[PDB]
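**Student:** Read top to bottom, the protein sequences are chains A and B. Under the numbering used here, the final residue of the first sequence carries the number 189; numbering is consecutive throughout. Under the numbering used here, the final residue of the second sequence carries the number 787; numbering is consecutive throughout. Virtual Cβ for every residue (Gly too), placed ideally from N, Cα, C. Have a look at this one before I ask anything.
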Amino acid sequence: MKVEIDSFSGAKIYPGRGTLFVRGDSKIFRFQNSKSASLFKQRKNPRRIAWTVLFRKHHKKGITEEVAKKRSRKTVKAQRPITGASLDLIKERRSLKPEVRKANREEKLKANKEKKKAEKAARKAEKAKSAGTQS
Amino acid sequence: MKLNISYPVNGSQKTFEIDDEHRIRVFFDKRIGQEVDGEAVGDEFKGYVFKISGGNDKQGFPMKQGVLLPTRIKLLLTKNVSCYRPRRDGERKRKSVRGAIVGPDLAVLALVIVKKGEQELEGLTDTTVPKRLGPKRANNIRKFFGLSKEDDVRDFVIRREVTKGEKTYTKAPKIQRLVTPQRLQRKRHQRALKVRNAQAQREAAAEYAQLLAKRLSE
RNA sequence: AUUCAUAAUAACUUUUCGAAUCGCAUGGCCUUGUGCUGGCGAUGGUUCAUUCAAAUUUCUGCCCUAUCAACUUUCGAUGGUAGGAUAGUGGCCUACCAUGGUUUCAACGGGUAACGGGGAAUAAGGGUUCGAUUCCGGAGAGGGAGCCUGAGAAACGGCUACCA
RNA sequence: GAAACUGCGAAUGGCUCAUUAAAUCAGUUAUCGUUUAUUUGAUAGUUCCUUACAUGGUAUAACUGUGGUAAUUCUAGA
RNA sequence: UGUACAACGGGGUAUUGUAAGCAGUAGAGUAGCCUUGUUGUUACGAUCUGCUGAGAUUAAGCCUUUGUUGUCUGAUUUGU
RNA sequence: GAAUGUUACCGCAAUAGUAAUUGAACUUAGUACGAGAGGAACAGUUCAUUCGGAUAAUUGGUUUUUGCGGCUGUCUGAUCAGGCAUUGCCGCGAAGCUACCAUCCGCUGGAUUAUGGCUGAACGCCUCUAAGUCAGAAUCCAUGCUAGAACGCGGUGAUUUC
RNA sequence: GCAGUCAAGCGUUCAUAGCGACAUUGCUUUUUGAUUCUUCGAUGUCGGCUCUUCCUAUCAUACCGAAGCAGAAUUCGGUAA
RNA sequence: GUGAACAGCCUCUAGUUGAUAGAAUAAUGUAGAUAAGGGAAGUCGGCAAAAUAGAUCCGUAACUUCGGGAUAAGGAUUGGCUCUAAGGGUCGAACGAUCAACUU
Ligand SMILES: NC[C@@H]1O[C@H](O[C@H]2[C@@H](O)[C@H](O[C@@H]3[C@@H](O)[C@H](N)C[C@H](N)[C@H]3O[C@H]3O[C@H](CO)[C@@H](O)[C@H](O)[C@H]3N)O[C@@H]2CO)[C@H](N)[C@@H](O)[C@@H]1O
Ligand SMILES: NC[C@@H]1O[C@H](O[C@H]2[C@@H](O)[C@H](O[C@@H]3[C@@H](O)[C@H](N)C[C@H](N)[C@H]3O[C@H]3O[C@H](CO)[C@@H](O)[C@H](O)[C@H]3N)O[C@@H]2CO)[C@H](N)[C@@H](O)[C@@H]1O
Ligand SMILES: NC[C@@H]1O[C@H](O[C@H]2[C@@H](O)[C@H](O[C@@H]3[C@@H](O)[C@H](N)C[C@H](N)[C@H]3O[C@H]3O[C@H](CO)[C@@H](O)[C@H](O)[C@H]3N)O[C@@H]2CO)[C@H](N)[C@@H](O)[C@@H]1O
Ligand SMILES: NC[C@@H]1O[C@H](O[C@H]2[C@@H](O)[C@H](O[C@@H]3[C@@H](O)[C@H](N)C[C@H](N)[C@H]3O[C@H]3O[C@H](CO)[C@@H](O)[C@H](O)[C@H]3N)O[C@@H]2CO)[C@H](N)[C@@H](O)[C@@H]1O
Ligand SMILES: NC[C@@H]1O[C@H](O[C@H]2[C@@H](O)[C@H](O[C@@H]3[C@@H](O)[C@H](N)C[C@H](N)[C@H]3O[C@H]3O[C@H](CO)[C@@H](O)[C@H](O)[C@H]3N)O[C@@H]2CO)[C@H](N)[C@@H](O)[C@@H]1O
Ligand SMILES: [Mg+2]
Ligand SMILES: [Mg+2]
Ligand SMILES: [Mg+2]
Ligand SMILES: [Mg+2]
Ligand SMILES: [Mg+2]
Ligand SMILES: [Mg+2]
Ligand SMILES: [Mg+2]
Ligand SMILES: [Mg+2]
Ligand SMILES: [Mg+2]
Ligand SMILES: [Mg+2]
Ligand SMILES: [Mg+2]
Ligand SMILES: [Mg+2]
Ligand SMILES: [Mg+2]
Ligand SMILES: [Mg+2]
Ligand SMILES: [Mg+2]
Ligand SMILES: [Mg+2]
Ligand SMILES: [Mg+2]
Ligand SMILES: [Mg+2]
Ligand SMILES: [Mg+2]
Ligand SMILES: [Mg+2]
Ligand SMILES: [Mg+2]
Ligand SMILES: [Mg+2]
Ligand SMILES: [Mg+2]
Ligand SMILES: [Mg+2]
Ligand SMILES: [Mg+2]
Ligand SMILES: [Mg+2]
Ligand SMILES: [Mg+2]
Ligand SMILES: [Mg+2]
Ligand SMILES: [Mg+2]
Ligand SMILES: [Mg+2]
Ligand SMILES: [Mg+2]
Ligand SMILES: [Mg+2]
Ligand SMILES: [Mg+2]
Ligand SMILES: [Mg+2]
Ligand SMILES: [Mg+2]
Ligand SMILES: [Mg+2]
Ligand SMILES: [Mg+2]
Ligand SMILES: [Mg+2]
Ligand SMILES: [Mg+2]
Ligand SMILES: [Mg+2]
Ligand SMILES: [Mg+2]
Ligand SMILES: [Mg+2]
Ligand SMILES: [Mg+2]
Ligand SMILES: [Mg+2]
Ligand SMILES: [Mg+2]
Ligand SMILES: [Mg+2]
Ligand SMILES: [Mg+2]
Ligand SMILES: [Mg+2]
Ligand SMILES: [Mg+2]
Ligand SMILES: [Mg+2]
Ligand SMILES: [Mg+2]
Ligand SMILES: [Mg+2]
Ligand SMILES: [Mg+2]
Ligand SMILES: [Mg+2]
Ligand SMILES: [Mg+2]
Ligand SMILES: [Mg+2]
Ligand SMILES: [Mg+2]
Ligand SMILES: [Mg+2]
Ligand SMILES: [Mg+2]
Ligand SMILES: [Mg+2]
Ligand SMILES: [Mg+2]
Ligand SMILES: [Mg+2]
Ligand SMILES: [Mg+2]
Ligand SMILES: [Mg+2]
Ligand SMILES: [Mg+2]
Ligand SMILES: [Mg+2]
Ligand SMILES: [Mg+2]
Ligand SMILES: [Mg+2]
Ligand SMILES: [Mg+2]
Ligand SMILES: [Mg+2]
Ligand SMILES: [Mg+2]
Ligand SMILES: [Mg+2]
Ligand SMILES: [Mg+2]
Ligand SMILES: [Mg+2]
Ligand SMILES: [Mg+2]
Ligand SMILES: [Mg+2]
Ligand SMILES: [Mg+2]
Ligand SMILES: [Mg+2]
Ligand SMILES: [Mg+2]
Ligand SMILES: [Mg+2]
Ligand SMILES: [Mg+2]
Ligand SMILES: [Mg+2]
Ligand SMILES: [Mg+2]
Ligand SMILES: [Mg+2]
Ligand SMILES: [Mg+2]
Ligand SMILES: [Mg+2]
Ligand SMILES: [Mg+2]
Ligand SMILES: [Mg+2]
Ligand SMILES: [Mg+2]
Ligand SMILES: [Mg+2]
Ligand SMILES: [Mg+2]
Ligand SMILES: [Mg+2]
Ligand SMILES: [Mg+2]
Ligand SMILES: [Mg+2]
Ligand SMILES: [Mg+2]
Ligand SMILES: [Mg+2]
Ligand SMILES: [Mg+2]
Ligand SMILES: [Mg+2]
Ligand SMILES: [Mg+2]
Ligand SMILES: [Mg+2]
Ligand SMILES: [Mg+2]
Ligand SMILES: [Mg+2]
Ligand SMILES: [Mg+2]
Ligand SMILES: [Mg+2]
Ligand SMILES: [Mg+2]
Ligand SMILES: [Mg+2]
Ligand SMILES: [Mg+2]
Ligand SMILES: [Mg+2]
Ligand SMILES: [Mg+2]
Ligand SMILES: [Mg+2]
Ligand SMILES: [Mg+2]
Ligand SMILES: [Mg+2]
Ligand SMILES: [Mg+2]
Ligand SMILES: [Mg+2]
Ligand SMILES: [Mg+2]
Ligand SMILES: [Mg+2]
Ligand SMILES: [Mg+2]
Ligand SMILES: [Mg+2]
Ligand SMILES: [Mg+2]
Ligand SMILES: [Mg+2]
Numbered sequence: 055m056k057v058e059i060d061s062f063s064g065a066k067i068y069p070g071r072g073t074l075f076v077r078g079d080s081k082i083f084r085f086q087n088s089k090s091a092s093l094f095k096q097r098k099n100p101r102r103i104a105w106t107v108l109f110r111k112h113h114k115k116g117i118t119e120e121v122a123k124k125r126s127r128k129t130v131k132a133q134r135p136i137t138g139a140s141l142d143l144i145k146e147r148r149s150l151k152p153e154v155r156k157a158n159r160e161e162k163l164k165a166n167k168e169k170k171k172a173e174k175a176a177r178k179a180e181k182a183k184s185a186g187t188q189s
Numbered sequence: 570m571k572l573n574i575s576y577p578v579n580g581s582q583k584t585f586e587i588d589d590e591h592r593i594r595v596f597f598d599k600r601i602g603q604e605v606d607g608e609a610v611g612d613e614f615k616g617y618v619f620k621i622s623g624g625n626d627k628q629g630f631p632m633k634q635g636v637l638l639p640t641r642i643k644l645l646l647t648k649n650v651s652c653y654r655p656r657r658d659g660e661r662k663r664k665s666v667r668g669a670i671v672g673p674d675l676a677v678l679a680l681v682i683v684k685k686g687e688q689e690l691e692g693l694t695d696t697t698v699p700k701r702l703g704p705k706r707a708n709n710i711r712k713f714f715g716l717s718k719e720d721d722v723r724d725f726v727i728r729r730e731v732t733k734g735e736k737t738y739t740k741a742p743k744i745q746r747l748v749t750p751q752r753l754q755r756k757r758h759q760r761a762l763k764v765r766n767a768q769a770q771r772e773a774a775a776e777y778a779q780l781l782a783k784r785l786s787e
């Protein structure tokens, strides 16, 4: 069973007690007692009726439980592999110190560095394979 | 109802069928983002903690956190908001949305495990799934393996197999925002043409002033 | 024709643009570090002009009707000032102020089996009659209103509401 | 080279004559009263101030996977 | 003479809807008086705000009560 | 309510009164029956109708709770707090009372009627009938319900000292 | 006003399922007359409203019998106020 | 005093406080009130009762003996408080001094 709530006051409406109005636009209104409902019918304003809940929210009455406490956190997580890279496969590449990286560099860095000069005159070489090319 | 459980750590996902009456009601009148406790839901789940991330009521409508309320209200939905996919530019749409507060009308409850507990669920904390991609940028692979700006990346990136009939062809990303000569060449061309257009503009400016000097007198 | 272009000083600013952008090439230098410098392209970007447009706007011109003679001015009707709003002029709106504005040279009102025009039929001349319709302009997407995106919409083979 | 992202278009067309009698419209002016994607033509040495310039930072779609609804060019959450 | 009865008092419950009082750089404003102003003050001012879901009422046919104070042999009538 | 010793408690039950009515839906079943068109019922289920007896958790009504608030006019020098306007007026208003305007409850047998039958003579057959007997109604008598004879009754307790 | 008896006739056939001429025997007293016993030293005169109770010559409802009752509907009847 | 007012309501002066009294608070009355939803279905008939109501602005039909009909009909406003503006008397360019009112 479901406790509903007064559309005017903000009081808890237990089964039974109270009335249910259905406005012509189909918007539903529940009242916990003939008082609230009457106020509503008088077209009163729940923000201006002191004992209503909406009023004392709008006036910041009561409250202070939020000021009294603060709660947070409960988070963390670990890591998992990639298709194409197994965990240890990643644990091996993340691992190495920069000394292995420094050695890895110059071996390839100077590798194509010679392919740069072999290519540099290779256009000059295919420039000697065709220039004017008569007969 | 029907539970939907995520494991962020492993990446595993499995649905759960719990019909147990008084165990369900722990979820009830609790909103999205609130932490449950494990034992109340079932015996095995004891020791765990959940967080309710959403769901669909028995009519399918998605949950949206921030409405409060138990029930479906038709909302006017826009881009960069949940439960809506704006098929056209500037299009907004009135669409029904189930509330954040949990109630018995839900077909599936969405919750992720914030922390584990005593026992362990099969196919959930059992296995762990791979994330199918890896860093496609310069400083991503960099900060992935904890590298520098001179460490390059290249051979540090990921490769995948994909057998083709007999044997294979292995593939790998394009590493955008990589540092190449053509880029520095392009910056050269630019940083230059600035000045090349600068001086020549002041020249033809003074070159004109020769005219207006000798010009008139008339 | 200007309080125009453009320039000057004192400040102002949830400080606009001032290329972390792609494709083809691979050249030239010298202490040779993969240093330094370089080619035509593509996309952008600030203001200005241009173009494609848009918005308003001057003058003059509509059919039947007096068994329609007074009309406009609550609550904008006409004008003045200030402001606000707009892309901008303007009673476009607001505040204050004045009492203006149209009319027998036909207002105002009613009808239209009325979208306007280029044109069409008739073939002495002068005319009578017609134009939904190939072009131009206008309006609309069941009726109304509201709006998002956008350079451009009060859009409907867009959204939102109401009525049907 | 599918998808999806970013881009641009979707305000053109095509239709119809219901409104509309100084309204639209025509011929003729106005913008020294404004807006303008685009297109064409030009326009930029100046950015920090008292620590990347061999180029900062994250965020996400497609995708994969767990899903709800009788049902839609619906969508949730990982 | 009691685990009694009664009157008050207290707690609950309940109705109303925020008391008096004191205070406010809250109040449209108008008028004074002076050192004529970073707050320049003085008077009058519905109303607003704070203490205040406050104050008032609550068995008279509500519930309850370790408190206080009080009371507990008057009249008549009856015999197979 | 006098009196049948007094007083008190628990009971009996003569006699009288008596009470529940009716409808629909689903289902049976698109079945039976019919060429067709059509088109039932018993059993089962859910409700309803008129009636009756209570009852007030709820909802509504009622308001001298003159309980709280609010407003007019006048009066008490002002304040505070009040008086008067035959309850001044308005809003809410517990409690009580109350409503098919609210909720609950409304029994079980025996015996018969018409009628249909058994056995069966009269009348060697036949026949529900003459003797005998089976079934059978919104009926009767009870059960149940109300009152309890103030000249109907049972059990029981205690029965006088200024 | 209500109902009997005879049964020529009706009902395709067929008196009597349902009806029924000519006649004839009755009941009833919510009709109207006939009468003038009661009341003219006074019995309040229409209708309605309200409420109770009785009648049965049954409109419904319970259980039935009959049909010119296939079903459905209807009609006639019994016990029934 | 409130108000248009000798209205109704409260009051000063003045006069009264006189109309058998005590206890209760059944039914039925007499008089005074209020009712959910429906809204004259009640009844000979809306009998009774209820609704309307002051004032300001607005708008006000047929018919007509042109005087009416007319408050026709139909609408809006209404407290409190703090301010503004306009409406005067007398006295010796239009002033000066000076006294006073309430109303819009
Ligand atoms: N129900 C009146 C109608 O009048 C219509 O037309 C009428 C008039 O418009 C027309 O002209 C009349 C004229 O007859 C009469 N004797 C003199 C009068 N001035 C004219 O009147 C006409 O013209 C004048 C200008 O001259 C306008 O001001 C006036 O409004 C217009 N009605 O003559 C007709 C009367 O004879 C048609 N006859 C017809 O539709 C019908 O009769
Ligand atoms: N409730 C259903 C409907 O109402 C009634 O249904 C009733 C019948 O089914 C049955 O009621 C029977 C009745 O059939 C029978 N012919 C008469 C009997 N008196 C009734 O019985 C009733 O009264 C008796 C006491 O007489 C009580 O014991 C019994 O509990 C009571 N239900 O019980 C129902 C409720 O009493 C109507 N008969 C009918 O409209 C329809 O079935
Ligand atoms: N049948 C006994 C049970 O009570 C109910 O049945 C009650 C009634 O429905 C049932 O009614 C029967 C009726 O079916 C049967 N054919 C005839 C019987 N006389 C009726 O019973 C009723 O009849 C009248 C009614 O005023 C009373 O005189 C009689 O005492 C009464 N029992 O009589 C029962 C009461 O005794 C239900 N059928 C059910 O709860 C159960 O079967
Ligand atoms: N209405 C749905 C059903 O149809 C039924 O059907 C009945 C009706 O079609 C028809 O009944 C008629 C009725 O129409 C008419 N208005 C009244 C007439 N006395 C009834 O007659 C019937 O019922 C009565 C009483 O039960 C019996 O005595 C009679 O023999 C019988 N033919 O005959 C059926 C009963 O024999 C009932 N109306 C109803 O109870 C049932 O639920
Ligand atoms: N003219 C109104 C004035 O104020 C009062 O009158 C007002 C109230 O007394 C009167 O109230 C009546 C009530 O008496 C009568 N017996 C019942 C009626 N329903 C009420 O009236 C009100 O009822 C409801 C709101 O409650 C509304 O539906 C209805 O429109 C409204 N008039 O409504 C009147 C307003 O229409 C005084 N009687 C008197 O001062 C004067 O009549
Ligand atoms: Mg109440
Ligand atoms: Mg997000
Ligand atoms: Mg790139
Ligand atoms: Mg000269
Ligand atoms: Mg300038
Ligand atoms: Mg270009
Ligand atoms: Mg004028
Ligand atoms: Mg308007
Ligand atoms: Mg102006
Ligand atoms: Mg201006
Ligand atoms: Mg403007
Ligand atoms: Mg004028
Ligand atoms: Mg037309
Ligand atoms: Mg035309
Ligand atoms: Mg045309
Ligand atoms: Mg011609
Ligand atoms: Mg000609
Ligand atoms: Mg001719
Ligand atoms: Mg046409
Ligand atoms: Mg035409
Ligand atoms: Mg066209
Ligand atoms: Mg159409
Ligand atoms: Mg954009
Ligand atoms: Mg359009
Ligand atoms: Mg279009
Ligand atoms: Mg549109
Ligand atoms: Mg279309
Ligand atoms: Mg077009
Ligand atoms: Mg017109
Ligand atoms: Mg033109
Ligand atoms: Mg971020
Ligand atoms: Mg997301
Ligand atoms: Mg007490
Ligand atoms: Mg207590
Ligand atoms: Mg106070
Ligand atoms: Mg002080
Ligand atoms: Mg102060
Ligand atoms: Mg001050
Ligand atoms: Mg001030
Ligand atoms: Mg000052
Ligand atoms: Mg308070
Ligand atoms: Mg005490
Ligand atoms: Mg004696
Ligand atoms: Mg004895
Ligand atoms: Mg006694
Ligand atoms: Mg007894
Ligand atoms: Mg069926
Ligand atoms: Mg059918
Ligand atoms: Mg068949
Ligand atoms: Mg047949
Ligand atoms: Mg068959
Ligand atoms: Mg049945
Ligand atoms: Mg049955
Ligand atoms: Mg009762
Ligand atoms: Mg009262
Ligand atoms: Mg005093
Ligand atoms: Mg008073
Ligand atoms: Mg007095
Ligand atoms: Mg009075
Ligand atoms: Mg008096
Ligand atoms: Mg009083
Ligand atoms: Mg009340
Ligand atoms: Mg009550
Ligand atoms: Mg019953
Ligand atoms: Mg019942
Ligand atoms: Mg009983
Ligand atoms: Mg019994
Ligand atoms: Mg029996
Ligand atoms: Mg035999
Ligand atoms: Mg027999
Ligand atoms: Mg016998
Ligand atoms: Mg015999
Ligand atoms: Mg027998
Ligand atoms: Mg019975
Ligand atoms: Mg007794
Ligand atoms: Mg006795
Ligand atoms: Mg007797
Ligand atoms: Mg005796
Ligand atoms: Mg004895
Ligand atoms: Mg008779
Ligand atoms: Mg014959
Ligand atoms: Mg025959
Ligand atoms: Mg007669
Ligand atoms: Mg006589
Ligand atoms: Mg006589
Ligand atoms: Mg006599
Ligand atoms: Mg007489
Ligand atoms: Mg007499
Ligand atoms: Mg008499
Ligand atoms: Mg008399
Ligand atoms: Mg008579
Ligand atoms: Mg009989
Ligand atoms: Mg019968
Ligand atoms: Mg009848
Ligand atoms: Mg036959
Ligand atoms: Mg029939
Ligand atoms: Mg019938
Ligand atoms: Mg008959
Ligand atoms: Mg009877
Ligand atoms: Mg006065
Ligand atoms: Mg007076
Ligand atoms: Mg007297
Ligand atoms: Mg008395
Ligand atoms: Mg009385
Ligand atoms: Mg009375
Ligand atoms: Mg009242
Ligand atoms: Mg009523
Ligand atoms: Mg009412
Ligand atoms: Mg009405
Ligand atoms: Mg009437
Ligand atoms: Mg009538
Ligand atoms: Mg009549
Ligand atoms: Mg009257
Ligand atoms: Mg009254
Ligand atoms: Mg007037
Ligand atoms: Mg006239
Ligand atoms: Mg009037
Ligand atoms: Mg009249
Ligand atoms: Mg006011
Ligand atoms: Mg003055």
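Among 732/B, 715/B, 736/B and 699/B, which one has its Cα closest to the Cα of residue 581/B?
**Tutor:** For the purposes of this step, residue 581/B is identified with residue 12 of the second sequence, where counting begins at 1. Of the candidates 732/B, 715/B, 736/B and 699/B, the one whose C-alpha sits nearest the C-alpha of residue 581/B is 699/B.
**Student:** Determine the burial state of residue 768/B: buried for a count of at least 16 other Cβ atoms within 10 Å of its Cβ, exposed for fewer.
**Tutor:** In the second sequence, the residue the question calls residue 768/B occupies position 199. Label assigned to residue 768/B: exposed.
**Student:** What residue does the beta strand (DSSP E) around residue 75/A start on, and which one ends it?
**Tutor:** For the purposes of this step, residue 75/A is taken as the residue at position 21 of the first sequence. Note, residue 75/A: beta strand (DSSP E), 73 to 76.
**Student:** Would residue 685/B and residue 738/B be called neighbours here (beta carbons separated by less than 9 Å)?
**Tutor:** By 1-based counting over the second sequence, the position of residue 685/B is 116. By 1-based counting over the second sequence, the position of residue 738/B is 169. In this structure, residue 738/B does not lie closer than 9 Å to residue 685/B by Cβ.
**Student:** Does chain A have any CB closer than 9 Å to the CB of residue 788/B?
**Tutor:** The structure shown does not extend to residue 788/B, since chain B spans only 570 to 787, so no value can be given for it.
**Student:** Report the residues of the segment 66 to 84 of chain A with a CB closer than 9 Å to any CB of chain B, ordered along the chain.
**Tutor:** From the segment 66 to 84 of chain A, no residue has a Cβ closer than 9 Å to chain B.
**Student:** Quick one: Cα of residue 747/B to Cα of residue 636/B, how far?
**Tutor:** As a working note, residue 747/B is residue 178 in the second sequence. As a working note, residue 636/B is residue 67 in the second sequence. Distance between the alpha carbons of residue 747/B and residue 636/B: 45 Å.
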